[PDB]
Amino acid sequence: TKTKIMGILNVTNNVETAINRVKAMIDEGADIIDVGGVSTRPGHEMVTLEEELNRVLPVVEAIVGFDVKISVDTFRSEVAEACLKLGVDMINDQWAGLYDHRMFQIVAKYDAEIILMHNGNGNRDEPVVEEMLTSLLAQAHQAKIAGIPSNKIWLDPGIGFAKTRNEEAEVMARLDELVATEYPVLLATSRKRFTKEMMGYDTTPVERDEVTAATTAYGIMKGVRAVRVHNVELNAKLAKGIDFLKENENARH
């Protein structure tokens, strides 16, 4: 199967603008739209449950009927339920169900998919790759206990979260170890610090699109199943090419 291209729709006329952006992203090759109004990055805006519902629901309501998968980026089970009632396909939980333990039961109740992201405050007693795998496998198992099938549980290594520069480099060197869990892996590096380190000199975020695309190609070669990206068209065409080359290689061995 194709590598899935997940476009980013931040929702922090708004509904109209978002409808137009979603249509453009579909035309550019998105398979999934990741809708969110809230961040867990240190120094994030403080957004209450009521404000999160206020910003996300009118958008989700307007876009869920398009022929694309809708992922809602939320860690709050009440937000996820309200969106799942409207027909969204996936919950992208930056806390891997650790913030709200009802998230699993909710996702299972609507037969939807969940993405579990590696996160934390940076402290850990084990090396990062071990701690990541251990943490994420244990939360995936909590998801399974609740009734979600393994094929609907995605893992995200959480580049941008709970890791030093050296720890992110270690993760990005060892993506195969996360893919080997057999849960589908979502790589989300787009324009983050790791891509700044790849460029090696000062850039605007948009200028990090080519190196982001290199992480897409590399990741796909390591067997990640989706990429979450700002520049949908570049990554969709790159990924189309990499999928084609991998399939061709497979077919011929």
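Don't overthink the numbering: it's just position in the shown sequence, from 1.
Unmodelled residues of the deposited sequence between neighbouring positions residue 20 and residue 21 number none; the chain is continuous. Across the two stretches, 78-86 and 169-177, the PDB entry reports the greater mean Cα temperature factor for 78-86. Judged by mean Cα B factor in the deposited record, 40-48 ranks above the other of 40-48 and 56-64. Listed residues 105, 139, 71, 164 were ranked by CA B-factor as deposited; 105 comes out on top. Comparing the listed residues 100, 182, 111, 131, the entry records the largest Cα B-factor for 111. When all modelled residues of the chain are sorted by CA temperature factor, residue 149 is found within the highest third. Residue-level temperature factors show residue 24 in the middle third of its chain, judged at the C-alpha atom. For residue 246, the recorded CA B-factor ranks within the lowest third of the chain. Only modelled residues enter the ranking. Looking at the C-alpha B-factors along this chain, the one for residue 215 belongs to the lowest third.
The deposited CA B-factor of residue 4 belongs to the lowest third of values across its chain.
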